[PDB]
$ cat start-v8.csv   # CSV, C-alpha atoms
chain,number,residue,atom,x,y,z
Z,1,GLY,CA,0.0,0.0,0.0
Z,2,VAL,CA,1.1,3.6,-0.7
Z,3,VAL,CA,-0.2,7.1,0.1
Z,4,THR,CA,0.5,9.8,-2.6
Z,5,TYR,CA,-0.3,13.6,-2.9
Z,6,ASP,CA,1.0,16.9,-4.4
Z,7,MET,CA,1.6,20.6,-3.7
Z,8,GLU,CA,2.3,22.2,-7.1
Z,9,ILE,CA,2.9,25.9,-6.6
Z,10,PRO,CA,3.8,29.0,-8.7
Z,11,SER,CA,6.8,30.8,-7.2
Z,12,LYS,CA,8.2,34.3,-7.5
Z,13,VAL,CA,11.8,33.2,-8.4
Z,14,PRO,CA,13.3,31.8,-11.7
Z,15,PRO,CA,13.7,28.0,-12.3
Z,16,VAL,CA,17.6,28.2,-12.3
Z,17,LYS,CA,17.4,30.3,-9.1
Z,18,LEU,CA,15.0,27.8,-7.5
Z,19,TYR,CA,17.5,25.1,-8.5
Z,20,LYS,CA,20.5,27.0,-6.9
Z,21,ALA,CA,18.7,28.0,-3.7
Z,22,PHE,CA,15.9,25.5,-3.0
Z,23,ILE,CA,17.4,22.3,-4.5
Z,24,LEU,CA,21.2,22.9,-4.2
Z,25,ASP,CA,20.9,24.6,-0.9
Z,26,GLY,CA,17.8,22.8,0.6
Z,27,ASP,CA,20.5,21.9,3.2
Z,28,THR,CA,21.6,25.3,4.7
Z,29,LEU,CA,19.0,27.8,3.2
Z,30,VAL,CA,15.9,25.6,4.2
Z,31,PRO,CA,16.6,25.9,8.0
Z,32,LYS,CA,18.1,29.5,8.1
Z,33,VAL,CA,14.8,31.2,7.1
Z,34,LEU,CA,12.2,29.0,9.1
Z,35,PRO,CA,13.7,27.2,12.1
Z,36,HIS,CA,10.2,26.8,13.6
Z,37,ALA,CA,9.7,24.0,11.0
Z,38,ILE,CA,13.2,23.1,9.9
Z,39,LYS,CA,15.3,23.9,13.1
Z,40,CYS,CA,18.4,22.2,11.7
Z,41,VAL,CA,19.6,20.2,8.7
Z,42,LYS,CA,22.9,18.2,8.6
Z,43,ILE,CA,24.4,15.5,6.3
Z,44,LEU,CA,25.0,12.1,8.0
Z,45,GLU,CA,26.5,10.6,4.8
Z,46,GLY,CA,27.4,11.6,1.2
Z,47,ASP,CA,27.7,15.1,-0.6
Z,48,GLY,CA,24.5,15.5,-2.7
Z,49,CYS,CA,25.1,12.4,-5.0
Z,50,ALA,CA,22.2,9.8,-5.1
Z,51,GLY,CA,22.1,7.9,-1.7
Z,52,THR,CA,23.3,11.0,0.3
Z,53,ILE,CA,21.6,11.2,3.8
Z,54,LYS,CA,20.5,14.2,5.8
Z,55,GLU,CA,19.0,14.4,9.2
Z,56,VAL,CA,16.5,17.1,10.3
Z,57,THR,CA,15.1,18.6,13.5
Z,58,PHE,CA,11.8,20.5,12.8
Z,59,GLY,CA,11.3,22.9,15.8
Z,60,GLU,CA,13.0,21.1,18.8
Z,61,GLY,CA,9.8,21.2,21.0
Z,62,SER,CA,6.4,19.5,21.8
Z,63,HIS,CA,5.1,20.3,18.2
Z,64,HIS,CA,7.5,17.9,16.4
Z,65,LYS,CA,10.8,15.8,16.6
Z,66,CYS,CA,13.1,14.4,13.9
Z,67,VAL,CA,13.6,13.0,10.3
Z,68,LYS,CA,16.2,11.2,8.2
Z,69,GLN,CA,16.2,12.0,4.5
Z,70,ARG,CA,18.0,10.1,1.7
Z,71,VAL,CA,18.7,12.3,-1.4
Z,72,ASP,CA,17.6,10.0,-4.2
Z,73,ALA,CA,18.3,12.1,-7.4
Z,74,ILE,CA,19.2,15.8,-7.9
Z,75,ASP,CA,18.9,16.1,-11.7
Z,76,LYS,CA,19.7,19.5,-13.5
Z,77,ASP,CA,18.4,18.1,-16.9
Z,78,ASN,CA,14.7,18.5,-16.0
Z,79,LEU,CA,14.9,20.4,-13.5
Z,80,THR,CA,14.0,17.7,-10.8
Z,81,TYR,CA,14.8,16.6,-7.3
Z,82,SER,CA,13.8,13.3,-5.5
Z,83,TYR,CA,14.5,12.6,-1.8
Z,84,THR,CA,13.0,10.0,0.6
Z,85,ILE,CA,12.1,10.4,4.3
Z,86,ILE,CA,13.8,7.1,5.2
Z,87,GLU,CA,13.4,7.3,9.0
Z,88,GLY,CA,12.4,9.5,12.0
Z,89,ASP,CA,9.3,10.3,14.0
Z,90,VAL,CA,7.2,11.6,11.1
Z,91,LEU,CA,6.6,8.1,9.4
Z,92,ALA,CA,5.1,6.9,12.7
Z,93,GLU,CA,2.2,4.2,12.7
Z,94,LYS,CA,1.0,5.4,9.2
Z,95,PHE,CA,3.6,6.0,6.5
Z,96,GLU,CA,6.9,4.1,5.7
Z,97,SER,CA,8.5,6.2,3.0
Z,98,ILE,CA,7.7,9.8,2.1
Z,99,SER,CA,9.5,10.1,-1.3
Z,100,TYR,CA,9.3,13.6,-2.7
Z,101,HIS,CA,9.3,14.2,-6.5
Z,102,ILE,CA,9.9,17.9,-7.2
Z,103,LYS,CA,9.9,19.2,-10.8
Z,104,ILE,CA,10.7,22.9,-11.6
Z,105,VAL,CA,9.5,24.8,-14.8
Z,106,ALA,CA,9.9,28.4,-16.1
Z,107,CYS,CA,7.4,31.3,-16.0
Z,108,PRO,CA,7.6,34.7,-18.0
Z,109,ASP,CA,6.5,36.7,-14.8
Z,110,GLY,CA,10.2,36.5,-13.6
Z,111,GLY,CA,9.5,33.2,-11.7
Z,112,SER,CA,8.8,29.5,-11.9
Z,113,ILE,CA,6.3,26.7,-11.1
Z,114,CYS,CA,7.4,24.0,-8.6
Z,115,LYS,CA,5.5,20.7,-8.9
Z,116,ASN,CA,6.1,19.2,-5.4
Z,117,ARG,CA,4.7,15.6,-5.6
Z,118,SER,CA,5.3,13.1,-2.8
Z,119,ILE,CA,4.9,9.4,-2.3
Z,120,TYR,CA,4.3,8.1,1.4
Z,121,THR,CA,4.5,4.2,0.9
Z,122,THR,CA,2.6,2.9,3.9
Z,123,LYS,CA,3.1,0.3,6.6
Z,124,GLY,CA,0.3,-2.3,6.9
Z,125,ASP,CA,-1.9,-0.2,4.5
Z,126,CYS,CA,-2.6,2.2,7.4
Z,127,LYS,CA,-5.2,5.0,6.5
Z,128,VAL,CA,-4.6,8.7,6.9
Z,129,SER,CA,-6.9,11.8,7.3
Z,130,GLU,CA,-6.9,14.3,4.4
Z,131,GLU,CA,-6.8,17.1,7.1
Z,132,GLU,CA,-3.4,15.7,8.3
Z,133,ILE,CA,-2.4,15.5,4.6
Z,134,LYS,CA,-3.3,19.2,4.5
Z,135,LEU,CA,-1.2,19.8,7.7
Z,136,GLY,CA,1.8,18.1,5.9
Z,137,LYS,CA,1.1,20.0,2.6
Z,138,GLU,CA,0.7,23.3,4.6
Z,139,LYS,CA,3.9,22.9,6.7
Z,140,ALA,CA,5.8,22.2,3.4
Z,141,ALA,CA,4.2,25.3,1.8
Z,142,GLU,CA,5.1,27.3,5.0
Z,143,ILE,CA,8.8,26.2,4.7
Z,144,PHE,CA,8.7,26.8,0.9
Z,145,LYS,CA,7.2,30.3,1.2
Z,146,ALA,CA,9.8,31.3,3.8
Z,147,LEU,CA,12.5,30.5,1.1
Z,148,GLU,CA,10.5,32.5,-1.5
Z,149,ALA,CA,10.1,35.4,1.1
Z,150,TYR,CA,14.0,35.6,1.0
Z,151,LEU,CA,14.1,34.8,-2.8
Z,152,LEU,CA,11.6,37.6,-3.8
Z,153,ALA,CA,14.0,40.1,-2.2
Z,154,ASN,CA,17.2,38.2,-3.1
Z,155,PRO,CA,16.6,35.6,-6.0
Z,156,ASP,CA,20.3,35.2,-6.6
Z,157,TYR,CA,21.3,32.7,-3.8
Z,158,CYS,CA,25.1,32.2,-3.6
$ encode --input "start-v8.csv" --output "structure tokens"
Amino acid sequence: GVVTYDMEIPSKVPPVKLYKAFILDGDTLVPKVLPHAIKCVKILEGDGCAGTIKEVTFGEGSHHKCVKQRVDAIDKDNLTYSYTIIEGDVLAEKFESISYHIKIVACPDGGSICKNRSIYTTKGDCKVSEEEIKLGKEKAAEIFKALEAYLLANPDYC
């Protein structure tokens, strides 16, 4: 059994800049602008090549705990990014792998569209509420829009 959903969103930053900032610094930009939902990120293993592993702390309090995250494929041909939540508190008694599938596409407004799919391959075919799917979609959109709030002022991440 597997859960699967998406959060495709137009974004006020160009596709090459989304690739530099969001994809190629989804490891030190993603916590620096919203540490109430990504308190930390560090690498446990690798460098960004396929099979690289991060570990994540979300807010370090009674709201949420921890995640381990295998980078599956960064690909600059598409633009795309896959990574799997492989371990940590978030999978719980419901999910067993939250494998993201981001695609990035241009827009003439001076921006992009970011097609954030995710898989969620379950344990024991456990059911989940669509309101909790919204809570997951909405925390991801809150992290994303914190990076865009920097990238609308400063789209050239370095």
$ residues_around --input "start-v8.csv" --residues "residue 94 (chain Z)" --least-positions-apart "2" --cutoff "8 Å" --atoms "all atoms listed in the file" --output "list in words"
residues 91, 92, 96, 122, 123, 125, 126, 127 and 128 of chain Z
$ atom_distance --input "start-v8.csv" --atom1 "CA of residue 65 (chain Z)" --atom2 "CA of residue 114 (chain Z)"
26.7 Å
$ residues_around --input "start-v8.csv" --residues "residue 35 (chain Z)" --least-positions-apart "6" --cutoff "9 Å" --atoms "all atoms listed in the file" --output "tab-separated table (two decimals) with C-alpha atoms, in the coordinates of the input"
chain	number	residue	atom	x	y	z
Z	57	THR	CA	15.10	18.60	13.50
Z	58	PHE	CA	11.80	20.50	12.80
Z	59	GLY	CA	11.30	22.90	15.80
Z	143	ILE	CA	8.80	26.20	4.70
$ residues_around --input "start-v8.csv" --residues "region 115-119 of chain Z" --least-positions-apart "5" --cutoff "6 Å" --atoms "all atoms listed in the file" --output "number ranges by chain"
Z: 4-8, 98-103
$ write_last_selection --input "start-v8.csv" --atoms "C-alpha atoms" --output "CSV table (one decimal), in the frame of the given file"
chain,number,residue,atom,x,y,z
Z,4,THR,CA,0.5,9.8,-2.6
Z,5,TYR,CA,-0.3,13.6,-2.9
Z,6,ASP,CA,1.0,16.9,-4.4
Z,7,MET,CA,1.6,20.6,-3.7
Z,8,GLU,CA,2.3,22.2,-7.1
Z,98,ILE,CA,7.7,9.8,2.1
Z,99,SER,CA,9.5,10.1,-1.3
Z,100,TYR,CA,9.3,13.6,-2.7
Z,101,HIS,CA,9.3,14.2,-6.5
Z,102,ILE,CA,9.9,17.9,-7.2
Z,103,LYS,CA,9.9,19.2,-10.8
$ closest_residue --input "start-v8.csv" --among "Z:16, Z:66, Z:141, Z:86" --to "residue 52 (chain Z)" --atoms "only C-alpha atoms"
Z:86
$ closest_residue --input "start-v8.csv" --among "Z:131, Z:138, Z:109, Z:156" --to "residue 37 (chain Z)" --atoms "all atoms listed in the file"
Z:138
$ closest_residue --input "start-v8.csv" --among "Z:153, Z:146, Z:74, Z:49" --to "residue 31 (chain Z)" --atoms "all atoms listed in the file"
Z:146
$ closest_residue --input "start-v8.csv" --among "Z:75, Z:19, Z:90, Z:139" --to "residue 36 (chain Z)" --atoms "all atoms listed in the file"
Z:139
